[PDB]
Amino acid sequence: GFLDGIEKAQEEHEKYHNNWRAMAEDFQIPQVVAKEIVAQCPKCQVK
Amino acid sequence: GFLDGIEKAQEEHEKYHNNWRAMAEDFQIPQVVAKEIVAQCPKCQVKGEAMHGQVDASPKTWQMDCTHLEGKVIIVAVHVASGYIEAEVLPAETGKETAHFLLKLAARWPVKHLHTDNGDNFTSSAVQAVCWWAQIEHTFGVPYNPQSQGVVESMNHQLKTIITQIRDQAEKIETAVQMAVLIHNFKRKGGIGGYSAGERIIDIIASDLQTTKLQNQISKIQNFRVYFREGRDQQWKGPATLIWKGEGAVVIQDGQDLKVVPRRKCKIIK
Amino acid sequence: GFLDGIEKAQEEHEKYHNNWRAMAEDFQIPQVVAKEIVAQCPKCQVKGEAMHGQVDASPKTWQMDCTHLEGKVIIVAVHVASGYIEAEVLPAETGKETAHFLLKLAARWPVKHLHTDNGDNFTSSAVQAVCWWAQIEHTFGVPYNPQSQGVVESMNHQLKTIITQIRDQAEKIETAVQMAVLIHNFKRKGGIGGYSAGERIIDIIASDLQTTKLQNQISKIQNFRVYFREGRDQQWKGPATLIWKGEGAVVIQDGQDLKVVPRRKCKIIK
Amino acid sequence: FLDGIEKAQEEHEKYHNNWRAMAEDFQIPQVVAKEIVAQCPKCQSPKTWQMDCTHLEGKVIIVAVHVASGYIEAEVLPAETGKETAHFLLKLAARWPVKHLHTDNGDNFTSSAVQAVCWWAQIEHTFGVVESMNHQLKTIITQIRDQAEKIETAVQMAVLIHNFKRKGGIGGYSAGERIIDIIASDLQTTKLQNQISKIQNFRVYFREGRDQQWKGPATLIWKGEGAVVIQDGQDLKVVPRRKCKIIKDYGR
Amino acid sequence: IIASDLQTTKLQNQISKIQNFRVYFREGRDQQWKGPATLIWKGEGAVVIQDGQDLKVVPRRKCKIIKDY
DNA sequence: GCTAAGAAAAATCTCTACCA
DNA sequence: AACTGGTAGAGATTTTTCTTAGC
DNA sequence: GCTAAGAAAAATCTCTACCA
DNA sequence: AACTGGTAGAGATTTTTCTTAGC
Ligand SMILES: [Zn+2]
Ligand SMILES: [Zn+2]
Ligand SMILES: [Zn+2]
Ligand SMILES: [Zn+2]
């Protein structure tokens with residue numbers, strides 16, 4: 001499963017602030033959870 | 001968002017073992033995440049895939065089995081492509097009687113493929129010696145899966161119904177077995193072409209022999225080689241044999257493999 | 001002609017027991033005569049008719065059964081129209097425990113129809129006394145036909161799979177039975193409306209009560225009697241009640257029976 | 001079409017062919033060719049078996065030989081009573097279509113068990129090739145005797161070598177191909193005869209050209225899509241469908 | 001040096017994502033469900049699985065193949 | 001003389017139990 | 001790495017064939 | 001500014017084992 | 001004279017939704 005991928009994507013966006021398609025292609029999670037990870041950041045903005 | 005929903009759904013499936021729709025409706029997570037949460041559980045995953053196979057139907061394949069009736073041991077062999085039944089009564093369920101019955105069946109009819117289960121008598125040195133001397137490919141089914149040799153079990157059901165139909169005309173059970181074989185073979189019509197079993201097996205073997213001789217006499221005097229272009233890349237392959245020239249496509253033989261190529265991607269050299 | 005063919009086919013079926021296609025193709029008789037020759041034999045006629053029934057689905061009908069697991073006796077009662085499961089563990093398979101369980105179930109939920117098999121404990125004086133005191137219509141199925149109460153056997157399969165899923169979280173088997181009842185009732189969604197079992201039984205009983213009160217308050221202040229003409233002869237029937245006036249047909253109630261009559265054959269009197 | 005029928009009539013008048021050769025050459029349907037053959041005054045067994053008992057090394061062998069191709073089915077009996085002979089005859093009648101049995105005047109061939117088996121299987125029993133086949137089978141048995149432990153294994157292996165390995169004759173075929181081809185030809189003949197009777201149970205009123213009258217009742221032979229072949233006045237002719245009325249004939 | 005490492009990681013990622021499957025199978029006299037195994041060959045009707053360095057042939061009707069995303 | 005309503009007869013499709 | 005459910009019968013629905021009234 | 005190719009995600013249909 | 005098989009899940013195929021290049 002990609003649940004550990006979701007946890008690692010949360011840690012990686014907390015450090016480096018990636019965008020959604022980059023994390024979805026690297027950690028192999030679906031695009032809705034990656035867009036939600038980018039959406040929950042108060043400093044980032046999905047574009 | 002729904003990330004705390006994902007964590008709470010993981011703990012709730014760890015305790016209660018929900019299906020994916022209950023978690024996707026209670027915690028408002030998307031359905032792919034709930035399906036993955038269900039898919040990553042080993043206590044779950046108890047279901048097949050709901051599909052059926054298709055057994056071999058070559059024109060020289062036989063299937064064999066043994067059954068019980070009135071304390072006797074009947075042995076049934078069935079030609080698959082027509083439904084032709086031979087049956088005998090054995091004194092015991094050893095390997096020598098099965099090897100002798102297989103030798104008699106191989107001496108009567110042309111046998112090139114035999115299919116059986118994993119019984120203790122079908123896997124023996126005598127049956128292996130008979131198969132080696134008569135050049136028969138012996139294959140076994142999966143253990144504890146009776147649907148592999150489904151034809152011979154269906155023929156067991158038909159033979160038992162006929163035996164119960166004409167039981168009062170014989171004294172012993174062996175005479176009733178042979179009379180049931182005769183009644184099933186020549187007195188029951190209906191099926192593929194409206195034939196019985198004997199007319200269908202005669203038609204199958206005669207058509208096989210005639211079409212082999214006809215295609216040999218056709219293919220020994222041929223010409224018109226064909227160079228064709230196929231594949232994901234536009235490459236060119238070597239000499240192939242033209243079989244039939246049709247309005248829309250052609251049939252080519254290459255490396256003892258038959259293919260259908262449209263007429264745009266081929267050129268014929270005489 | 002074929003009259004000697006008919007006599008010879010009668011003797012040949014008397015000896016060999018052919019099917020109708022073999023006689024109709026060998027003796028050149030028409031197929032209706034061969035079908036009648038097959039139909040007039042008592043040694044033949046061994047087949048069903050290949051159809052299935054449909055069990056009762058009234059909103060107050062329950063089905064009950066008993067099963068075995070780990071040497072214990074589980075008893076399962078299922079509300080049919082929603083799939084609601086209650087289950088208990090009995091010390092024995094006598095009649096007093098079944099009567100007490102039926103009395104508890106009748107005290108919890110409204111029961112007006114009970115369906116069971118022909119077991120030795122469901123047909124007893126204690127169960128008859130409980131059904132008489134609680135005014136429950138007790139009906140039995142056909143003996144040796146388990147497909148009549150198919151819902152409770154399917155729920156036995158579901159309950160056993162859940163019990164095998166969550167067995168390692170309890171010590172005794174009774175706690176695992178009650179936890180499997182809770183998991184089946186409130187933690188599994190999907191079905192008619194996407195509900196679980198508890199939401200569906202709540203919706204069914206609430207909708208029944210609300211629609212009875214609504215149609216009583218509608219029908220107590222009605223008017224516009226309708227005289228209609230139906231039947232194979234053009235007769236006239238008496239006073240019927242108009243229910244709904246639709247574009248194409250009307251709904252009438254006559255003798256506590258509902259009918260749909262088109263607008264050409266009816267006249268309304270205020 | 002009509003030219004092909006007239007060419008087939010002249011060819012059968014000259015050389016007296018069969019119906020398969022004319023139906024393959026002249027491109028006419030097989031019912032018309034069989035009609036042309038059956039109308040000739042000068043042009044007018046696949047189910048017979050022979051039985052035998054023999055002795056070899058203290059055992060009793062029974063051989064049944066299909067005569068028209070040379071097909072041997074053999075078995076080893078424990079004794080020479082009538083019941084085991086009736087059981088072997090019942091097995092032979094259960095596997096292959098038998099309608100005529102040819103035996104000698106033995107004792108075990110004349111018994112109530114063999115009579116009841118022949119009555120239940122409807123076989124004509126006649127009391128009078130086989131010696132030549134017994135000589136060939138015993139030479140093969142003495143040829144491959146050392147490769148078998150018992151006698152029955154050598155018997156069945158000799159039956160296999162005789163049926164599917166020894167090739168001869170005109171075209172160089174074995175015995176199994178000959179019996180299968182003969183039985184297939186008999187099956188084709190019976191199916192075509194059933195179709196011939198089912199078509200010939202009709203009648204046709206035909207109307208000639210430049211005449212508004214219907215002629216005499218001619219018998220239908222083959223009903224096509226645009227043409228209709230009829231027999232009238234001991235002569236075959238082709239009339240189009242727009243000048244014909246096909247009616248049922250009750251003329252038993 | 002680094003470019004060859006990039007092409008090697010591309011090829012190794014594709015090779016690792018081709019055929020990494022899990023199979024839950026059902027076998028025995030009493031038809032029980034057993035743990036995960038590795039899929040080797042998948043034809044129409046039956047599959048071949050490796051479990052505990054043992055090769056077994058199980059029909060597709062009595063096994064479930066879990067893939068990877 | 002020709003056409004068509006109507007009823008009988010044959011051909012085709014869907015669904016189930018039993019064999020292990 | 002190379003394995004697999006099938007057979008026959010009972011009704012329901014559609015199609016072909018045959019007899020006869022009307023113009 | 002508007003339209004449409006393309007891919008992901010959700011909704012629907014068909015088919016099987018097990019309970020007696 | 002008043003009785004009857006059903007439930008849930010795995011894939012395959014069709015439909016809706018979302019993001020982005022081209023004019
Ligand atoms: Zn951020
Ligand atoms: Zn789980
Ligand atoms: Zn009968
Ligand atoms: Zn002649």
# chains A, B, ... in the order shown; residues from 1 in each chain; ligands from 1
$ interface_residues --of "chain G" --to "chain B" --cutoff "9 Å" --atoms "only C-alpha atoms (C1' of nucleotides)" --output "number ranges by chain"
G: 3-8
$ write_last_selection --atoms "C-alpha atoms (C1' of nucleotides)" --output "PDB file, in the first residue's frame"
ATOM      1  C1'  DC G   3      -3.433 -24.893 -16.860  1.00  0.00           C
ATOM      2  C1'  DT G   4      -8.748 -24.619 -17.282  1.00  0.00           C
ATOM      3  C1'  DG G   5     -16.604 -27.469 -15.826  1.00  0.00           C
ATOM      4  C1'  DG G   6     -19.864 -30.065 -18.797  1.00  0.00           C
ATOM      5  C1'  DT G   7     -24.296 -32.694 -20.449  1.00  0.00           C
ATOM      6  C1'  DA G   8     -29.070 -33.194 -21.386  1.00  0.00           C
TER       7       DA G   8
END
$ residues_near_ligand --ligand "ligand 4" --cutoff "6 Å" --atoms "only C-alpha atoms (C1' of nucleotides) and all ligand atoms" --output "VMD selection string"
chain D and resid 12 16 37 40 42 to 43
$ residues_near_ligand --ligand "ligand 3" --cutoff "8 Å" --atoms "only C-alpha atoms (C1' of nucleotides) and all ligand atoms" --output "list in words"
residues 13, 14, 16, 17, 18, 19, 37, 38, 39, 40, 41, 42, 43, 44 and 45 of chain C
$ write_last_selection --atoms "N, CA, C and O atoms" --output "PDB file, in the first residue's frame"
ATOM      1  N   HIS C  13     -38.882 -48.293 -28.429  1.00  0.00           N
ATOM      2  CA  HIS C  13     -38.782 -47.572 -27.165  1.00  0.00           C
ATOM      3  C   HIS C  13     -39.079 -48.482 -25.984  1.00  0.00           C
ATOM      4  O   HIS C  13     -38.559 -48.259 -24.885  1.00  0.00           O
ATOM      5  N   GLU C  14     -39.911 -49.509 -26.189  1.00  0.00           N
ATOM      6  CA  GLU C  14     -40.170 -50.479 -25.131  1.00  0.00           C
ATOM      7  C   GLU C  14     -38.927 -51.292 -24.798  1.00  0.00           C
ATOM      8  O   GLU C  14     -38.778 -51.768 -23.668  1.00  0.00           O
ATOM      9  N   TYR C  16     -35.380 -50.255 -25.892  1.00  0.00           N
ATOM     10  CA  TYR C  16     -34.128 -49.511 -25.802  1.00  0.00           C
ATOM     11  C   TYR C  16     -34.229 -48.187 -25.055  1.00  0.00           C
ATOM     12  O   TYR C  16     -33.191 -47.672 -24.628  1.00  0.00           O
ATOM     13  N   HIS C  17     -35.438 -47.628 -24.915  1.00  0.00           N
ATOM     14  CA  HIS C  17     -35.705 -46.332 -24.270  1.00  0.00           C
ATOM     15  C   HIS C  17     -34.937 -45.187 -24.939  1.00  0.00           C
ATOM     16  O   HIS C  17     -34.069 -44.551 -24.342  1.00  0.00           O
ATOM     17  N   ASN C  18     -35.280 -44.932 -26.199  1.00  0.00           N
ATOM     18  CA  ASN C  18     -34.696 -43.819 -26.934  1.00  0.00           C
ATOM     19  C   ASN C  18     -35.321 -42.496 -26.501  1.00  0.00           C
ATOM     20  O   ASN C  18     -36.346 -42.455 -25.818  1.00  0.00           O
ATOM     21  N   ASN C  19     -34.686 -41.400 -26.911  1.00  0.00           N
ATOM     22  CA  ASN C  19     -35.318 -40.095 -26.831  1.00  0.00           C
ATOM     23  C   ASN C  19     -36.096 -39.849 -28.121  1.00  0.00           C
ATOM     24  O   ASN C  19     -36.085 -40.668 -29.042  1.00  0.00           O
ATOM     25  N   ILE C  37     -44.855 -40.569 -27.543  1.00  0.00           N
ATOM     26  CA  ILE C  37     -44.342 -41.901 -27.222  1.00  0.00           C
ATOM     27  C   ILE C  37     -43.367 -41.832 -26.050  1.00  0.00           C
ATOM     28  O   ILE C  37     -43.404 -42.673 -25.141  1.00  0.00           O
ATOM     29  N   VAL C  38     -42.518 -40.801 -26.025  1.00  0.00           N
ATOM     30  CA  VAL C  38     -41.627 -40.597 -24.885  1.00  0.00           C
ATOM     31  C   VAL C  38     -42.420 -40.200 -23.641  1.00  0.00           C
ATOM     32  O   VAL C  38     -42.132 -40.663 -22.530  1.00  0.00           O
ATOM     33  N   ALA C  39     -43.471 -39.389 -23.813  1.00  0.00           N
ATOM     34  CA  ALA C  39     -44.241 -38.903 -22.672  1.00  0.00           C
ATOM     35  C   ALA C  39     -45.102 -39.980 -22.021  1.00  0.00           C
ATOM     36  O   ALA C  39     -45.511 -39.809 -20.869  1.00  0.00           O
ATOM     37  N   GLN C  40     -45.392 -41.080 -22.716  1.00  0.00           N
ATOM     38  CA  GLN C  40     -46.207 -42.147 -22.148  1.00  0.00           C
ATOM     39  C   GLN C  40     -45.376 -43.283 -21.557  1.00  0.00           C
ATOM     40  O   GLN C  40     -45.811 -44.438 -21.593  1.00  0.00           O
ATOM     41  N   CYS C  41     -44.197 -42.985 -21.015  1.00  0.00           N
ATOM     42  CA  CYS C  41     -43.350 -44.006 -20.418  1.00  0.00           C
ATOM     43  C   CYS C  41     -43.083 -43.679 -18.954  1.00  0.00           C
ATOM     44  O   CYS C  41     -42.663 -42.555 -18.644  1.00  0.00           O
ATOM     45  N   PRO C  42     -43.318 -44.615 -18.028  1.00  0.00           N
ATOM     46  CA  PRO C  42     -43.030 -44.334 -16.612  1.00  0.00           C
ATOM     47  C   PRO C  42     -41.576 -44.532 -16.215  1.00  0.00           C
ATOM     48  O   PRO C  42     -41.148 -43.943 -15.215  1.00  0.00           O
ATOM     49  N   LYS C  43     -40.809 -45.344 -16.950  1.00  0.00           N
ATOM     50  CA  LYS C  43     -39.388 -45.508 -16.648  1.00  0.00           C
ATOM     51  C   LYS C  43     -38.605 -44.244 -16.973  1.00  0.00           C
ATOM     52  O   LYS C  43     -37.569 -43.976 -16.356  1.00  0.00           O
ATOM     53  N   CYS C  44     -39.095 -43.457 -17.927  1.00  0.00           N
ATOM     54  CA  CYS C  44     -38.609 -42.115 -18.222  1.00  0.00           C
ATOM     55  C   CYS C  44     -39.199 -41.117 -17.233  1.00  0.00           C
ATOM     56  O   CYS C  44     -39.611 -41.499 -16.132  1.00  0.00           O
ATOM     57  N   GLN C  45     -39.190 -39.833 -17.614  1.00  0.00           N
ATOM     58  CA  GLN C  45     -39.724 -38.707 -16.835  1.00  0.00           C
ATOM     59  C   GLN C  45     -38.956 -38.537 -15.522  1.00  0.00           C
ATOM     60  O   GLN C  45     -39.500 -38.679 -14.427  1.00  0.00           O
TER      61      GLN C  45
END
$ residues_around --residues "residue 15 in chain H" --least-positions-apart "5" --cutoff "12 Å" --atoms "only C-alpha atoms (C1' of nucleotides)" --output "PyMOL selection string"
(chain B and resi 48-52) or (chain E and resi 61) or (chain I and resi 9-12)
$ write_last_selection --atoms "N, CA and C atoms (P, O5', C5', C4', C3', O3' and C1' of nucleotides)" --output "tab-separated table (two decimals), in the first residue's frame"
chain	number	residue	atom	x	y	z
B	48	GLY	N	-12.95	-15.77	-4.41
B	48	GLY	CA	-12.35	-16.10	-5.69
B	48	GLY	C	-12.32	-14.91	-6.63
B	49	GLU	N	-12.43	-15.20	-7.92
B	49	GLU	CA	-12.52	-14.14	-8.92
B	49	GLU	C	-13.67	-14.34	-9.90
B	50	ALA	N	-14.43	-15.42	-9.75
B	50	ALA	CA	-15.66	-15.71	-10.50
B	50	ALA	C	-15.42	-15.81	-12.01
B	51	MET	N	-14.67	-16.84	-12.40
B	51	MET	CA	-14.47	-17.16	-13.80
B	51	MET	C	-14.30	-18.67	-13.93
B	52	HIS	N	-14.48	-19.17	-15.15
B	52	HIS	CA	-14.38	-20.59	-15.44
B	52	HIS	C	-13.39	-20.82	-16.58
E	61	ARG	N	-9.79	-19.63	-10.19
E	61	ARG	CA	-11.02	-19.57	-9.43
E	61	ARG	C	-10.80	-19.68	-7.92
I	9	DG	P	-18.97	-7.41	1.02
I	9	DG	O5'	-17.88	-7.84	-0.06
I	9	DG	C5'	-17.24	-9.10	0.05
I	9	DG	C4'	-16.78	-9.59	-1.31
I	9	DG	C3'	-15.93	-8.60	-2.10
I	9	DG	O3'	-14.75	-9.24	-2.56
I	9	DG	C1'	-17.66	-9.46	-3.44
I	10	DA	P	-13.41	-8.39	-2.80
I	10	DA	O5'	-12.97	-8.80	-4.28
I	10	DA	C5'	-12.75	-10.16	-4.60
I	10	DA	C4'	-12.82	-10.39	-6.10
I	10	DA	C3'	-11.99	-9.44	-6.96
I	10	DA	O3'	-11.35	-10.17	-7.99
I	10	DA	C1'	-14.24	-9.37	-7.66
I	11	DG	P	-9.80	-9.93	-8.33
I	11	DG	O5'	-9.81	-9.54	-9.88
I	11	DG	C5'	-10.57	-8.43	-10.32
I	11	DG	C4'	-11.36	-8.77	-11.56
I	11	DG	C3'	-11.06	-7.88	-12.76
I	11	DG	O3'	-11.22	-8.61	-13.97
I	11	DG	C1'	-13.31	-7.59	-12.14
I	12	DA	P	-10.53	-8.08	-15.32
I	12	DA	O5'	-11.76	-7.55	-16.20
I	12	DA	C5'	-12.66	-8.48	-16.79
I	12	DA	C4'	-13.84	-7.77	-17.45
I	12	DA	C3'	-13.47	-6.72	-18.49
I	12	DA	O3'	-14.35	-6.84	-19.61
I	12	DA	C1'	-14.83	-5.75	-16.82
$ select_by_dssp --residues "range 45-89 of chain D" --states "helix (DSSP H, G or I)" --output "PDB file with N, CA and C atoms, in the first residue's frame"
ATOM      1  N   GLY D  82     -20.696 -70.626 -23.136  1.00  0.00           N
ATOM      2  CA  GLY D  82     -21.502 -69.740 -23.951  1.00  0.00           C
ATOM      3  C   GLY D  82     -21.662 -68.339 -23.399  1.00  0.00           C
ATOM      4  N   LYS D  83     -21.543 -68.192 -22.077  1.00  0.00           N
ATOM      5  CA  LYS D  83     -21.822 -66.904 -21.448  1.00  0.00           C
ATOM      6  C   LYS D  83     -20.716 -65.892 -21.722  1.00  0.00           C
ATOM      7  N   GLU D  84     -19.458 -66.335 -21.724  1.00  0.00           N
ATOM      8  CA  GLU D  84     -18.366 -65.415 -22.029  1.00  0.00           C
ATOM      9  C   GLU D  84     -18.327 -65.061 -23.510  1.00  0.00           C
ATOM     10  N   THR D  85     -18.752 -65.983 -24.377  1.00  0.00           N
ATOM     11  CA  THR D  85     -18.893 -65.666 -25.795  1.00  0.00           C
ATOM     12  C   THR D  85     -20.013 -64.656 -26.020  1.00  0.00           C
ATOM     13  N   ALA D  86     -21.123 -64.803 -25.291  1.00  0.00           N
ATOM     14  CA  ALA D  86     -22.202 -63.824 -25.363  1.00  0.00           C
ATOM     15  C   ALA D  86     -21.781 -62.473 -24.798  1.00  0.00           C
ATOM     16  N   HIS D  87     -20.922 -62.471 -23.776  1.00  0.00           N
ATOM     17  CA  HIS D  87     -20.448 -61.214 -23.206  1.00  0.00           C
ATOM     18  C   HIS D  87     -19.494 -60.498 -24.157  1.00  0.00           C
ATOM     19  N   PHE D  88     -18.629 -61.251 -24.842  1.00  0.00           N
ATOM     20  CA  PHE D  88     -17.744 -60.642 -25.831  1.00  0.00           C
ATOM     21  C   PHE D  88     -18.527 -60.135 -27.036  1.00  0.00           C
ATOM     22  N   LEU D  89     -19.578 -60.857 -27.433  1.00  0.00           N
ATOM     23  CA  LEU D  89     -20.430 -60.393 -28.524  1.00  0.00           C
ATOM     24  C   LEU D  89     -21.198 -59.136 -28.129  1.00  0.00           C
TER      25      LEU D  89
END
